[PDB]
Amino acid sequence: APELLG
Amino acid sequence: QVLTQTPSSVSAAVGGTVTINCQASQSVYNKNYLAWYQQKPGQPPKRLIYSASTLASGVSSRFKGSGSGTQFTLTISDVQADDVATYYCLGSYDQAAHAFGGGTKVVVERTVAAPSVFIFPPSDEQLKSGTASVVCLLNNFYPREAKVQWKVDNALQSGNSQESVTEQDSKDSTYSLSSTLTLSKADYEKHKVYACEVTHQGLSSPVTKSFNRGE
Amino acid sequence: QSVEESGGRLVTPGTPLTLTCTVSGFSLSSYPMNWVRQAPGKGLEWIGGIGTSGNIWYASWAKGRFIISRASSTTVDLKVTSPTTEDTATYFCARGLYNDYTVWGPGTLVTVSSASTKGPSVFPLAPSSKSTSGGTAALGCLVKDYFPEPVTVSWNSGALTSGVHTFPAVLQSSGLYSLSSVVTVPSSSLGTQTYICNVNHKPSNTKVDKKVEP
């Protein structure tokens with residue numbers, strides 16, 4: 001965390 | 001993330017150019033994590049640009065993205081009548097949590113046009129159910145601001161009418177409005193004259209369309 | 001590659017709702033999945049989303065009100081634990097959100113209301129030979145008292161599209177919706193050409209063909 005979501 | 005688009009609405013003639021702004025509270029990820037979306041009424045959002053300036057697959061070159069960090073801009077060259085939509089920016093600070101801006105409405109400009117007014121009596125089939133809806137249509141006008149006043153035997157009606165305006169037309173860039181005056185069967189058949197006064201810019205005086213009950 | 005939402009319906013305030021995102025043509029594990037919503041006439045709002053590993057993120061306001069997870073090998077859910085009227089919105093699911101691999105679903109409409117589903121009544125907005133604005137007659141249909149949204153209206157089984165205006169529905173004081181659809185047509189054809197409006201309200205299974213004549 002965090003990471004790419006888009 | 002909180003992204004703010006200002007102003008909320010932008011305008012251009014069929015063929016002009018509009019500038020849509022998007023300010024982030026703080027810098028987005030890698031200074032360029034910002035996308036632009038297009039949403040026409042009813043459709044799901046269409047992604048136009050990502051990476052601040054990068055055009056999406058198949059999107060026209062008329063849409064130009066520019067900016068870095070916190071300030072961004074969507075320029076739309078050669079505005080079509082079809083460009084009537086709300087544009088949203090999409091940003092992220094840490095690439096996980098996203099946020100949309102408020103949106104910017106794109107109004108297509110054109111010459112002023114007075115509305116065509118039409119009045120519709122309630123159907124005898126509705127009157128059987130015990131209600132009377134009297135509709136008044138204002139057709140194909142520009143700009144949007146328009147005013148409708150109902151009168152039943154010269155008595156101003158208030159509180160018992162709802163209206164609805166359509167989005168800006170994709171071809172002629174006009175608006176249309178439908179005003180519905182709702183009465184009970186009891187109140188409807190106790191009066192005779194039902195009028196609809198329309199005030200609008202394109203009009204020199206308020207035009208009235210009306211009818212007589214039972215005629 | 002495509003996604004689709006499921007579960008959009010009429011829910012009462014406080015009763016738990018679960019929306020589902022089914023995917024096709026790609027692994028659910030390979031791409032990140034997001035949930036976006038949109039209240040009527042309002043802007044788009046990112047609710048949350050799941051990454052490739054499995055971890056989940058939510059917006060600041062959406063913390064607690066929403067729960068996202070994978071419920072299948074091919075599904076991703078969104079549970080709203082205590083729905084309120086503010087949650088009435090079209091909920092979207094999408095593969096990604098930002099990169100070029102992005103694909104959205106059509107969206108599913110959630111209505112949070114304690115009101116019951118109701119079918120519309122279709123009435124004609126009849127024209128006249130003598131109330132015509134310059135060789136141009138206006139006719140239409142009044143689709144009145146239905147719940148919830150939406151209703152679709154075409155003219156002549158989709159063969160009449162020019163000059164047709166379907167107005168946004170208005171929420172009446174009764175809690176029921178009401179809309180009209182109008183069309184401007186040649187005045188000389190009022191006696192020779194037929195004009196039918198096709199009303200379909202799927203929540204109630206109400207399909208109506210209404211002829212409008214002077």
Side-chain angles (χ1 to χ4, degrees), chain B residues 2 5 33-35 37 39 41-47 50-51 54 56-57 86 88 90-92 94-103 116-126 129 131 133 135 137 139-140 159 162-167 169 171 175-178 180 182 209 211, chain C residues 32 34 36 38 42-46 48-49 51 55 57-60 90 92 94 96-100 102-107 121-128 131-134 136-140 142 144-145 150 162-163 165-173 178-182 184 212:
Chain B
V2 176
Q5 283 178 264
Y33 202 95
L34 198 291
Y37 271 86
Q39 189 178 42
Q43 304 173 20
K46 186 177 182 177
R47 185 183 52 94
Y50 70 103
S51 297
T54 312
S57 177
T86 300
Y88 304 88
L90 173 68
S92 182
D94 56 7
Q95 228 169 20
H98 295 71
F100 288 98
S116 299
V117 190
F118 308 88
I119 190 163
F120 299 103
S123 60
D124 297 324
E125 26 276 283
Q126 190 179 19
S129 67
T131 314
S133 301
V135 188
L137 170 63
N139 202 65
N140 296 337
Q162 285 180 306
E163 56 179 54
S164 179
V165 187
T166 60
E167 293 290 333
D169 191 78
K171 286 174 173 194
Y175 303 87
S176 296
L177 189 153
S178 85
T180 305
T182 302
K209 280 299 170 313
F211 63 92
Chain C
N34 288 281
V36 179
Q38 183 170 31
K42 298 289 180 60
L44 301 162
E45 289 188 328
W46 181 81
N55 309 124
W57 281 259
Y58 305 93
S60 301
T90 296
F92 300 96
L97 204 63
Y98 179 82
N99 290 318
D100 259 330
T102 304
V103 43
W104 286 56
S121 296
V122 188
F123 306 112
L125 299 175
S128 45
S131 304
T132 280
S133 287
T136 299
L139 59 96
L142 172 58
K144 192 178 173 64
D145 293 337
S162 69
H165 296 290
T166 304
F167 294 95
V170 291
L171 182 55
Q172 297 170 133
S173 55
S178 180
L179 59 71
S180 291
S181 179
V182 304
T184 55
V212 183

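These numbers come from the heavy atoms of this one structure, side chains and all, not from hydrogens, waters or symmetry mates. Chain identifiers are assigned alphabetically (A, B, ...) following the order of the sequence lines, protein sequences preceding nucleic acid strands; residue numbering begins at 1 within each chain.
Interface residue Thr184(C): only side-chain heavy atoms are found under 4.5 Å from chain B. Only the side chain of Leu142(C) comes within contact range of chain B, with at least one heavy atom under 4.5 Å from a heavy atom of that chain. Interface residue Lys42(C): only backbone heavy atoms are found under 4.5 Å from chain B. Contacts of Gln38(C) with chain B are made by side-chain atoms alone, with heavy-atom separations under 4.5 Å and no backbone atom involved. Residue contact with chain B, scored on non-hydrogen atoms closer than 4.5 Å, involves the backbone of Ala126(C) exclusively. Residue contact with chain C, scored on non-hydrogen atoms closer than 4.5 Å, involves the backbone of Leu34(B) exclusively. Proximity to chain C involves both the backbone and the side chain of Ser178(B), based on heavy atoms less than 4.5 angstrom apart. Looking at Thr54(B), neither its backbone nor its side chain comes within 4.5 Å of chain C, counting heavy atoms on both sides.
Each of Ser116(B), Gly103(B), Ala96(B), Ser129(B) has some count of heavy-atom pairs under 4.5 Å with chain C, and the biggest count is that of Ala96(B). With chain B as the partner, the residue from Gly43(C), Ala137(C), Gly49(C), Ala138(C) showing the most heavy-atom pairs under 4.5 Å is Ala138(C). The candidate with the highest count of non-hydrogen atom pairs below 4.5 Å against chain C, out of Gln126(B), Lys209(B), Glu167(B), is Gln126(B). In terms of heavy-atom pairs under 4.5 angstrom with chain B, the leader among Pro106(C), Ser133(C), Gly105(C) is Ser133(C).
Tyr98(C) places no side-chain N or O within donor-acceptor distance of the main-chain N or O of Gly91(B), the cut-off being under 3.5 Å. Between the side chain of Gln162(B) and the main chain of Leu171(C), a donor-acceptor pair closer than 3.5 Å is present.
For the residue pair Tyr50(B) and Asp100(C), a side-chain donor N or O sits within less than 3.5 Å of a side-chain acceptor on the partner. Side-chain contact check for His165(C) and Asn140(B): at least one donor-acceptor pair (N or O, by modelled atom type) lies under 3.5 Å.
Taking every heavy atom of both residues into account, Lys144(C) and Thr131(B) meet most closely at CE-CG2, 4.5 Å. Between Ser164(B) and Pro168(C), the shortest heavy-atom contact is OG-O, 2.6 Å. Looking at every heavy atom in both residues, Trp104(C) comes nearest to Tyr37(B) through NE1-OH, 3.1 Å. In terms of heavy-atom proximity, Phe167(C) sits nearest to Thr166(B) at CD2-CG2, 3.5 Å.
Contact check for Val135(B) versus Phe123(C): no side-chain heavy atoms found under the 4.5 Å cut-off. Here the side chains of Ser121(C) and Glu125(B) are not in contact, with every heavy-atom distance at 4.5 Å or above.
Residues satisfying the ring pair (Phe, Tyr, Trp, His ring centres under 6.0 Å) criterion with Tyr58(C), sequence neighbours excluded, are absent altogether. Taking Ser131(C) as the reference, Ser128(C) meet the side-chain hydrogen bond (donor to acceptor under 3.5 Å, both in side chains) condition, with sequence neighbours excluded.
A distance of 4.5 Å separates CG in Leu97(C) from CZ in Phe100(B), rounded to the nearest 0.5 Å. Expressed to the nearest 0.5 Å, how far CD of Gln39(B) lies from CG of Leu44(C) amounts to 4.5 Å.
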